[PDB]
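Positions of Cβ are backbone-derived with ideal geometry, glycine not excepted, and every protein chain shown enters the neighbour counts. Nothing in this text is a laboratory measurement; each read-out follows from the coordinates by a stated rule.
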């Protein structure tokens with residue numbers, strides 16, 4: 001419950017930051033950070049993957 | 001209001017019916033349950049809600065489920081009241097778990 | 001009669017100066033739209049609704065002038081008139097903000113909308129004055145303290161600040177009595193009066 | 001590190017554009033204008049939504065209809 | 001127009017209610033009660049003023065009025081009925097608070113009124129509490 005509450009507070013902060021980050025992404029990021037993943041690497045990969053997902057979504061919308 | 005804007009200066013009687021097709025369904029969905037919830041109150045009104053709790057047409061179903069979860073608050077709240085206070089002050093004895101004065 | 005012309009006339013009346021198509025009727029002690037200002041009866045009604053600020057403000061200007069016209073009002077009556085003057089500065093600032101947006105505009109709707117609070121504040125101040133007219137010294141302090149019991153927290157807080165300020169003269173006299181036993185009362189203002 | 005990553009993602013959600021008493025002199029036309037602007041923004045949003053739905057329908061009005 | 005008129009009396013009487021109960025013989029707490037209603041009647045005026053903005057844009061459609069009048073006529077009506085009863089019963093002291101809590105539970109079911117009366121009762125409690 002402590003991890004869940006911490007994740008909820010972090011998600012609230014991120015929503016205040018207007019990041020549009022998911023709770024599942026938050027949990028995955030918590031696991032990566034405890035695993036020793038660079039916050040900069042995680043955020044850069046997140047931005048690149050968000051851009052790729054947006055491009056794929058646009059392409060599939062034109063691909064319907 | 002959108003219709004009155006379209007009346008300003010367009011559409012067609014055909015385009016109007018085309019822009020009024022799905023509203024007919026979204027309205028009939030509730031029109032059907034209106035006569036099916038006549039006089040239903042307490043558990044009667046609850047069962048009238050379950051008379052649409054399983055209907056198809058996921059648009060109508062979405063409307064029904066949304067409205068039902070909205071109305072569930074009066075009853076879910078009565079439940080939480082009987083949880084915390086162990087109280088249902090139904091002046092009309094409307095509580096499903098009623099008391100005897 | 002142009003609506004903006006009447007608007008300018010009202011912008012003058014809000015400062016208590018009757019407008020061009022409206023005349024401050026002594027039969028009403030308030031701005032009365034000249035019937036020659038032929039417009040919508042709705043327009044004249046709106047002018048009449050706005051003119052209440054003019055009537056109350058004219059009454060206030062007269063009263064605060066009467067209170068400053070006599071030096072027998074004492075420091076207390078002077079403080080009453082000066083607080084009225086500070087509130088008048090606030091009201092004039094409100095009218096100045098009104099001329100501010102009067103440039104470039106708004107409408108009678110926005111005017112009356114922003115004057116609804118001004119009307120309420122004027123009504124509160126006028127009720128305080130009409131409930132404190134002809135009171136002196138302790139009679140004036142009690143007149144204020146009698147209106148110091150009503151609700152309406154905006155007017156109530158304005159009156160509370162006014163009373164905290166007005167006690168300053170009374171408080172100073174009391175502190176003189178406490179520390180010096182000093183009653184310099186020209187007209188025996190102090191509750192502990194003296195027998196010379 | 002999660003905080004830094006979220007900070008890097010901060011702003012990647014859509015920016016948010018629309019979401020004891022007075023001393024007598026504390027009455028302000030700032031609040032009045034704020035409320036007026038909010039009401040005007042509400043009306044503008046309603047009109048914009050109406051116009052956008054109208055544009056979507058008008059663009060569809062000249063199309064074939066089978067896709 | 002007759003269908004939209006309903007808030008007409010709700011405002012005429014609302015202005016009367018905000019006037020009459022302001023008297024100290026109507027109570028200083030009931031004067032606060034009328035001042036509280038003043039906040040919303042002011043919002044009803046402000047919404048009528050912003051409606052003026054759309055009329056000054058020459059872009060008024062009767063449906064858009066009713067499409068907007070519908071949301072606010074209920075907001076006027078609930079407080080109009082609560083004030084009508086507050087003076088029809090001449091409620092004052094803790095009896096008026098009793099009536100307020102009653103009307104709160106009676107307007108339970110309309111959150112558009114329940115939350116407003118939640119603020120109304122909150123404001124009224126100040127003098128009472």
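The table for this structure:
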item	result
GNM flexibility winner over chain E from E:54, E:99, E:76 (Cα, springs under 10 Å)	E:54
Among E:86, E:29, E:46, residue whose mean-square fluctuation peaks in a GNM of chain E (springs only between Cα atoms under 10 Å)	E:46
Residue order, fewest to most beta carbons within 10 Å, for D:34, D:42	D:34, D:42
All Cα pairs of chain E, percent lying beyond 26 Å	25
Kirkwood Rh in Å, taken over all unlike Cα pairs in the protein assembly as shown	29.9
Residue C:188-residue C:148 FRET efficiency (beta carbon distance; Förster radius 30 Å; 0.05 resolution)	0.75
Helix-derived mean residue ellipticity, 222 nm - over chain B, DSSP H n ≥ 4, -39500 (n - 2.57), to 500	-19500 deg cm²/dmol
Sequence of B:36, E:101, D:30 once ranked by neighbouring C-beta atoms within 10 Å, starting from the fewest	D:30, B:36, E:101
Backbone N within segment D:1-16 under 19 Å of label point (7 Å from residue A:40 Cα along the Cβ vector)	D:1-10
Cα-based shape type of chain D, given that a ≥ b ≥ c are square roots of the gyration tensor eigenvalues and the cut on a/c is 1.5	oblate
Largest-first principal axis extents, alpha carbons of chain A, Å	44, 23, 19
Chain A: calculated mean residue ellipticity at 222 nm from DSSP helix runs of at least 4, using -39500 (n - 2.57)	-27500 deg cm²/dmol
Span from the segment C:118-134 Cα centroid across to the segment E:73-101 one, whole angstrom	28
Choice from E:106, E:81, E:61 showing the highest fluctuation, given a GNM over chain E with Cα pairs closer than 10 Å	E:61
